[PDB]
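For the sequence shown, the residue numbers in the authors' numbering are 3 to 1528. Idealized CB from N, CA, C, for every residue including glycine.
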Amino acid sequence: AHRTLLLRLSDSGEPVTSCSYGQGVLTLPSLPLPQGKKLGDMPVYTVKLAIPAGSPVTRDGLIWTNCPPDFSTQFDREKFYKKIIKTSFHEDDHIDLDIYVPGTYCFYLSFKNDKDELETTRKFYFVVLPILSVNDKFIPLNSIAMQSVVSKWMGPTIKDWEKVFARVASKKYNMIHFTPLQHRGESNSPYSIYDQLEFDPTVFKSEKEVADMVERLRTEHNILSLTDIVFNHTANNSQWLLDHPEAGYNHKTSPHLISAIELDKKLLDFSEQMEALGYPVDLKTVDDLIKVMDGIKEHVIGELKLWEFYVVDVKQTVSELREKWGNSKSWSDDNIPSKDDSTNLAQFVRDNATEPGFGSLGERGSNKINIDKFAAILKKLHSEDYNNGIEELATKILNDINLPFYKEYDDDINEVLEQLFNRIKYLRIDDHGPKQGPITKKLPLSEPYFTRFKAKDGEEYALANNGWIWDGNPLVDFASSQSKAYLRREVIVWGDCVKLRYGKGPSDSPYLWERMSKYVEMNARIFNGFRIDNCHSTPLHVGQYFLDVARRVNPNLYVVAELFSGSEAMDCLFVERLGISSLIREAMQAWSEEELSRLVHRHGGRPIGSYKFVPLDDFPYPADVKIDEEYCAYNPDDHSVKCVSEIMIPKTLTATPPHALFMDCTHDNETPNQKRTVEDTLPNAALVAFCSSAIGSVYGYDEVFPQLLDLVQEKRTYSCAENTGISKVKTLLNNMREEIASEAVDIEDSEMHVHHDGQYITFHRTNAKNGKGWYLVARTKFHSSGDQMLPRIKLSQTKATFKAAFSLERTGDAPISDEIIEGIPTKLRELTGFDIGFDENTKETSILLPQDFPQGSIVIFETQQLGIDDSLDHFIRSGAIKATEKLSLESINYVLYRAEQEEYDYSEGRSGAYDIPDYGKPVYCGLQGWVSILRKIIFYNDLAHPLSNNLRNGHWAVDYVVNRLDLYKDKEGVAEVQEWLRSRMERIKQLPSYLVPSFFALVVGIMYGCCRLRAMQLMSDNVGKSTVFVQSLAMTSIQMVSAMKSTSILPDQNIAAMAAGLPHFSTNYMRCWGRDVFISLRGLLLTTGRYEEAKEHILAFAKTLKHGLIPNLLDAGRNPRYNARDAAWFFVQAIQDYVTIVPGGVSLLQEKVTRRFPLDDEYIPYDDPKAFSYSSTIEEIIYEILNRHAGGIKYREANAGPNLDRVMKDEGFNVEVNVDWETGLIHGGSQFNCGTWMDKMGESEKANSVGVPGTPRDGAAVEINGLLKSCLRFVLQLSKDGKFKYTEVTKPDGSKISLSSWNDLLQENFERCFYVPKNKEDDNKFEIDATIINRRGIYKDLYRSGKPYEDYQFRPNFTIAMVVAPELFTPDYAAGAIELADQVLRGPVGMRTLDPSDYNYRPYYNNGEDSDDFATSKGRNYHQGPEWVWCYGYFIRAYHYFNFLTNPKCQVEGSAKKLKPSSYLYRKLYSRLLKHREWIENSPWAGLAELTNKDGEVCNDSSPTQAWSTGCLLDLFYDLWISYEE
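In structure tokens form, the structure reads like this:
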């Protein structure tokens, strides 16, 4: 069925973190295969790679992966296969990796660079864990219990062992770990292995014998099995080591050690001779030991040559300077330092006259001088005749060249013997570990740093033996030439074992790799898995090759490791790459009670009532997606990984920290008896067993063996004494974990609380799905340390049950046999007394311990959270999509959005937004307001957040979410969305308080997503099928369109009405604005498919035409304000846009609006019969504009007087407009005016600007003439289709012009008037006064404005013309001018309203500024430098269009030959929208600002979400979509 995880990638191909669980690994959860299917039948998992539309990495991009393409094919690490990324600017691409088998996969991406070169990402890995079963019940990897058993103490026969098996089987472990079962070396330590390729001959003779024993364990006891494996060494006496000595590091393979070798056999030769010389074979004084290493002083150091190994042979160089003085006999460069700089001459020679490998170590005198390039320098520098001063000089230099070599040596030597007088102390005189064995055959003073033998090739050899550096970096190979550890004696050794020298591969030690390869596959055929000592010292390529070999033999190879690399990061890399399935953690390492609870915290699980993940506002919601619609397409037999809700967005694949195997005791640590006490065995083991992880223990721990068994020496056998000490308790713990393991699954489904008081440690373990749990109280016996009483234990909304309790007591000392290892005797007393109070009111359980609860005791309760049952999560995850069945794009506004003020509108000021104490209010009232706060909270599991705090403190926020909708209950679909939220929130309130936040954030999240999905569906495909960014943009449409009480777009009715902005442009007269609506209409209503409500808005304003113009301030069409010269042209572009896009859209032109003013510009009689009095068709309306402008319009604003505008001057109120017919363009306004969009009217009395406009745009304005032109084009071709009756235009006199002449006049004259040529040359035909100029290659802001330099201003507006009337521009000039805009006028998120180089340029806007500045005070700045966002859309729409026409690099081939744009252009486009995607991502309002101060700087007065800021961006995407995606 469904076994698919989503793995989102960044724009740089990197996998994205869904959650913050820590430094981690992309593990996929172990799960049984479905019911009755083997490896192969189907994919085990499918990983969905998701790649962001338009990202750099989509460019000729490929997914690489070493994941085999079906089952038949074998995994090869470096065989990567190719996968093609389907580019689009709109839609993300998804690429499945099907995975047939467990192991270590990876992927990287290749793409073509911004330099047109190839590039390549990091490799990224993910592990697919093995399936363990035993006969045919599945073992969840975290309900593993493993017993480590050392073979050589099990008895010398197989059924002496099968005895041991039967004992652990009773304690109910289900895994055994074997130290290696391989014929062992001279010291018989089971890690120094004699022969890798056959087993211990004491017991076994063939593979078949051991195989049967292990299959027996399986079948008899349900116990899986796994071995140690050793890579790092082999036993100092293997008969193949005589054959192949090169497989270790010898004087041949690794020369550097030669010096260290002759130091090591200068003590196998010193310490038998040592009893003849000097006083101490054994003594334990401290003034004495000086007389020993004063025996090292002279007998070794002194007799080893001052170490010619570093130092150049001074006289036997000079020697060979006289010999061959005569051959290459001078230099003649001036590479020559003189004898002034006695140290720079010194290594000048070092650079130029040396034989290879100078400085480094080798054979004894291997550092030496190239003599005829030495004589050749000396000849130039001093003399050609030797007898003139050369013996002095050559020697002087060479003494100076060895100065740093000598102090290399003194530092070297002091470590050689310090590392020695500190060792032999603790080796003999006991600091903390006794045994002063003097000399022997077998035990000299110092240990064998090398293994000596005569080989079958005949020559002698010295292979070292490995060990570890005290606090060295284990990633460093200390046998390798990088280290000096064998020389300085910085190596704690193992004589048992010998170097294994693998190289960079099989070519570097061929037999070694071959032998280990069929060593590894041998055990793989038998065992379920490996264990790996000191894996941080196995080089990565080595470890990877062999574990991969193993996994081909055994697909389900389980792998454990003791891995303590430098850091958590390198731990995770090793895990990543090697395919390690568990890491070894050690309970016994804790020095203290606090260290232990900390450890138990790490591997315990997640906090109780932790937040659960959901798709929020950061995911796409494909309109075309599958759903579980009552979360019911699951079947428990299928063993499907499950979607977070009804929507099938699949489970995400995120980093998780690598799993653990927690060992209460390993076969290398000291005993409870030793390190703490024996009675500790019981609690220490219980705390560990309560961890949500895998647990294990060595044999002996449970049976309380008194001291750690010496792996090397001991030959006594495990007692057969059954059921001692903890045995009976381990049976309980492991049995309990079996019951558990059946239902917990991934990291979010088991939770924990751990408390440490004194010598107690508490542990509450809880299942997040059903609320069942286990409470462990554990008194600890690190020392006997006095009676301690523990506080009462309070469990909220929980009932609790006694399960079991125990004390474990020492009955004197351990017996002293010499052939049977035996336990300490112990009493295991069952305890009683525990009191369990339940308050039937507060629903609180309290738990009192009894005063007889000695250290070394435990008690276990079963416990059940109230109100949670197994069926809760179905409930919460079902019903939500049907409950949204009836929503509409309007009604979704009420559920998701609604600023406080917009809510006050419906509540008569009573209600507003929920105030989170210590925090504030969400920014919307509906679910977007919660979700915008929740997304980070969930991501960091921040249960400390004020909202989290509030949500468990009380049900208020819970109830607020449900109650608001009473305001909007009657709206389409809101009733049934409310009822879903009611029914779920009801059921949540019945939970334990601390569980409420996680569940509140889940109900909200689920309904949010369902709502956002519903929107995408109701919208048009281009939007319903695109990236997060675009859908984010689109959702804005729903933010802005709302019905209200205090306003509408219709004077008779309240109906949906596009606000200009939230919160401040949402209520009363402040909501609707013609300019705003009709710029934004195509963006937010056409592009999104909101056709019927685009229409309503055009019809609404068409009622309010007057003076042949459209009003900006719309007062629901009840006294609108007509100071808008721009608005009518944006509105008659909106009508074109509508007709162009909407199917059957010409239908609009004969729609009839009751025109509710009179056909003059007559007075204001809102309440007459002459209001409803006469009909206009949109047909007449359009011409009525075009024609009335033509004949001329002159008026003074109705009701003009201070009661509209109380800063506009008397003259300001009469404005007007007509056409210069030598050019055909519209003119209008004055210096007392504000008829454009840039309409800031100045008002500071202290700055002296009251009634001065900041930016009147008097005269010919680029937008309006652009738009006019576009109107004329539109009607002409409409005439040609018989959809427009008119060609007649009357002028002031009475003359007539065809529309098509007016059209052609603009065509012949627009570019002439506005353009400002590059070449001074042609200033005589583009109407220019060069004195007043700023930048050429520009399109003018205005033609013949009041103050001429405002004509020659570089501004973003001309762009609107470029977009709507491209015909007006000779491509090359346009391209050039928009390039200038890109360089000069483009902010990060918004368009610079005035060229920085202008002296008027003030780019910070503050509306309250009181000060005396003429340009800035009280906001006058508004449009002279601040960065506006809608302008950007027009800007980039045009930048797209004209680069596409101009620049050959911006085109490529079509299918069915049509020019589409190149990826070179798409990149440029994409670059310019990152900051917008960033903005709407990371803004509490889920939208784009109206405006920005200089260079991105946030502007506090800017509206945070603006209709046209987002509409204009959408306008871009729609261009691209409707022009290319077919």
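- prompt: Per DSSP, what kind of secondary structure is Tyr408 in: helix, strand or coil?
  reply: To locate residue 408, count along the sequence shown from 1; it is residue 406. Helix, per DSSP.
task: Report yes if the C-beta distance between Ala1061 and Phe1067 is below 7 Å; otherwise report no.
output: One-based indexing of the sequence shown puts residue 1061 at position 1059. One-based indexing of the sequence shown puts residue 1067 at position 1065. Closer than 7 Å, so yes.
task: Could you tell me which uninterrupted beta strand (DSSP E) segments, each at least 3 residues in length, are contained entirely in the stretch 1194–1219, listed from first to last along the chain?
output: 1195–1198
Beta-carbon proximity of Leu663 to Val562, cut-off 7 Å: Taking the first residue of the sequence shown as position 1, residue 663 is located at position 661. Taking the first residue of the sequence shown as position 1, residue 562 is located at position 560. Cβ atoms of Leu663 and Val562: closer than 7 Å.
- prompt: Ends of the alpha helix (DSSP H) at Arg527?
  reply: To locate residue 527, count along the sequence shown from 1; it is residue 525. Segment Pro512 to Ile528, the alpha helix (DSSP H) holding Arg527.
- prompt: Which one of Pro31, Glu357 and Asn1235 has the shortest CA to CA distance from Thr1257?
  reply: One-based indexing of the sequence shown puts residue 1257 at position 1255. Comparing Cα positions, the closest option is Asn1235.
- prompt: What's the C-alpha gap between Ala1509 and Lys1154?
  reply: Here the question's residue 1509 lines up with position 1507 in the sequence shown. Here the question's residue 1154 lines up with position 1152 in the sequence shown. Going from the Cα of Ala1509 to the Cα of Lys1154 covers about 28 Å.
message: I need the straight-line Cα distance from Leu1301 to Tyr899, nearest angstrom please.
response: In the sequence shown, the residue the question calls residue 1301 occupies position 1299. In the sequence shown, the residue the question calls residue 899 occupies position 897. Cα to Cα, the separation comes out at about 46 Å.
- request: Alpha carbon to alpha carbon, how far is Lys923 from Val998? Give it in angstroms, no decimals.
  value: In the sequence shown, residue 998 corresponds to position 996, counting from 1. In the sequence shown, residue 923 corresponds to position 921, counting from 1. Roughly 19 Å between the two C-alpha positions.
query: Using DSSP with H/G/I as helix, E/B as strand and the rest coil, what is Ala1458?
result: Locating residue 1458 in the sequence shown gives position 1456, where the first residue counts as 1. Residue state, collapsed to three classes: coil.
field: Neighbour-count burial assignment, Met791, 16 or more Cβ in a 10 Å radius
entry: The residue labelled residue 791 in the question sits at position 789 within the sequence shown. Exposed, since its Cβ has fewer than 16 Cβ neighbours within 10 Å.
message: In whole angstroms, give me the CA-to-CA distance for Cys574 and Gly568.
response: For the purposes of this step, residue 574 is taken as residue 572 along the sequence shown, with counting starting at 1. For the purposes of this step, residue 568 is taken as residue 566 along the sequence shown, with counting starting at 1. Computed Cα separation, rounded: 11 Å.
query: Quick check: the stretch 879–889 against the stretch 904–915, are there 3 or more CB pairs under 8 Å?
result: no
field: Rounded straight-line distance, which links the Cα of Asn556 to that of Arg527
entry: Stepping through the sequence shown from its first residue, residue 527 is reached at position 525. Stepping through the sequence shown from its first residue, residue 556 is reached at position 554. The straight-line gap from Cα to Cα measures roughly 6 Å.
- prompt: Under 7 Å, do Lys771 and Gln866 count as touching if we go by C-beta distance?
  reply: Position 769 of the sequence shown holds residue 771. Position 864 of the sequence shown holds residue 866. No; because the gap between Cβ atoms is not below 7 Å, this pair is not in contact.
task: Confirm, please, whether the CB-CB distance from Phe1437 to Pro1358 is below 7 Å.
output: The sequence position of residue 1358 within the sequence shown is 1356, counting from 1. The sequence position of residue 1437 within the sequence shown is 1435, counting from 1. Against a cut-off of 7 Å, the Cβ pair of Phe1437 and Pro1358 comes out as a contact.
task: Spell out a yes or no on whether the stretch 1310–1329 and the stretch 1163–1175 are touching, meaning 3 or more CB-CB pairs, one atom from each, closer than 8 Å.
output: no
query: Between which two residues does the beta strand (DSSP E) harbouring residue 1546 extend?
result: Outside the shown range of the chain, which is 3 to 1528, sits residue 1546, and nothing can be said about it.
- prompt: How many whole angstroms separate the CB atoms of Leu228 and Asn558, which I take to be in contact at a CB cut-off of 8 Å?
  reply: Position 226 of the sequence shown, counting from 1, holds the residue named residue 228. Position 556 of the sequence shown, counting from 1, holds the residue named residue 558. In fact, because the Cβ distance is near 11 Å, the residues do not count as touching under 8 Å.
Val700 to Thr668 span [Cα, whole Å]: By 1-based counting over the sequence shown, the position of residue 700 is 698. By 1-based counting over the sequence shown, the position of residue 668 is 666. Their backbone Cα atoms lie some 5 Å apart in a straight line.
query: For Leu1227, which three-state DSSP category applies?
result: Along the sequence shown, one-based indexing puts residue 1227 at 1225. Correct three-state label for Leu1227: strand.
- request: Go through its chain and collect everything with a Cβ distance to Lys938's Cβ below 8 Å, but skip five positions before and after it.
  value: Taking the sequence shown and counting its residues from 1, one reaches residue 938 at position 936. Same-chain partners within the cutoff: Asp944.
field: Rounded separation between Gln438 and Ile431 - CA only
entry: Looking up residue 438 in the sequence shown gives position 436. Looking up residue 431 in the sequence shown gives position 429. Cα to Cα, the separation comes out at about 7 Å.
- request: Grab me the residues of residue 1's own chain with a C-beta within less than 8 Å of its C-beta, minus the 5 sequence neighbours each way, in chain order.
  value: In the structure displayed, the chain extends from 3 to 1528; residue 1 sits before or after that span and is not available.
query: CB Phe407 to CB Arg366, shorter than 7 Å?
result: Mapped onto the sequence shown, residue 407 falls at position 405. Mapped onto the sequence shown, residue 366 falls at position 364. No, they are not a contact pair.
Chain-order list of residues whose beta-carbon lies under 8 Å from that of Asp459 (same chain, five-residue window excluded): Along the sequence shown, read from residue 1 onward, the residue named residue 459 stands at position 457. Closer than 8 Å at Cβ, skipping near neighbours: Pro247.
task: Report the rounded CA-to-CA distance for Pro1145 versus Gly1091, giving the unit in angstroms.
output: As a working mapping, residue 1145 is identified with position 1143 in the sequence shown. As a working mapping, residue 1091 is identified with position 1089 in the sequence shown. For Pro1145 and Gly1091, the distance between alpha carbons rounds to 11 Å.
query: DSSP state of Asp98, grouped into three classes?
result: If you number the sequence shown from 1, residue 98 lands on position 96. Reduced to three states, the DSSP call for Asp98 is strand.
message: If you follow the beta strand (DSSP E) that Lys456 is in, where does it begin and where does it stop?
response: Position 454 of the sequence shown, counting from 1, holds the residue named residue 456. First-last of the beta strand (DSSP E) with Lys456: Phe452 to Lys456.
message: In the DSSP output, what is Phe1067 paired with across the bridge?
response: Within the sequence shown, numbered from 1, the residue matching residue 1067 stands at position 1065. Looking at the DSSP assignment, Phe1067 forms a beta bridge with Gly1063.
task: Identify whether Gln1453 lies in helix, strand or coil by the three-state DSSP scheme.
output: The residue you call residue 1453 lines up with position 1451 of the sequence shown. It is a strand residue.
task: Would you mind sorting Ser584 into buried or exposed? The rule is 16 or more other CB atoms within 10 Å of its CB.
output: Taking the first residue of the sequence shown as 1, we reach residue 584 at position 582. By the neighbour-count rule (16 or more Cβ atoms within 10 Å), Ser584 is buried.
- request: Assign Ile749 to one of three DSSP states: helix, strand, or coil.
  value: As a working mapping, residue 749 is identified with position 747 in the sequence shown. In the structure shown, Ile749 sits in coil (DSSP, three-state: anything other than H, G, I, E or B).
message: Closer than 6 Å to a non-hydrogen atom of the ligand COA - does that hold for the CB of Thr813?
response: Absence of the ligand COA is noted for the structure shown, with no ligands found whatsoever.
message: To the nearest angstrom, how far is the alpha carbon of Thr1179 from that of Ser1473?
response: Within the sequence shown, residue 1179 is the residue found at index 1177, counting from 1. Within the sequence shown, residue 1473 is the residue found at index 1471, counting from 1. Using only the alpha carbons, I get a separation of about 45 Å.
query: Excluding sequence positions up to five away, which residues of its chain have a Cβ less than 7 Å from the Cβ of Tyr703?
result: Counted from its first residue, the sequence shown places residue 703 at position 701. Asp666, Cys667 and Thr683.
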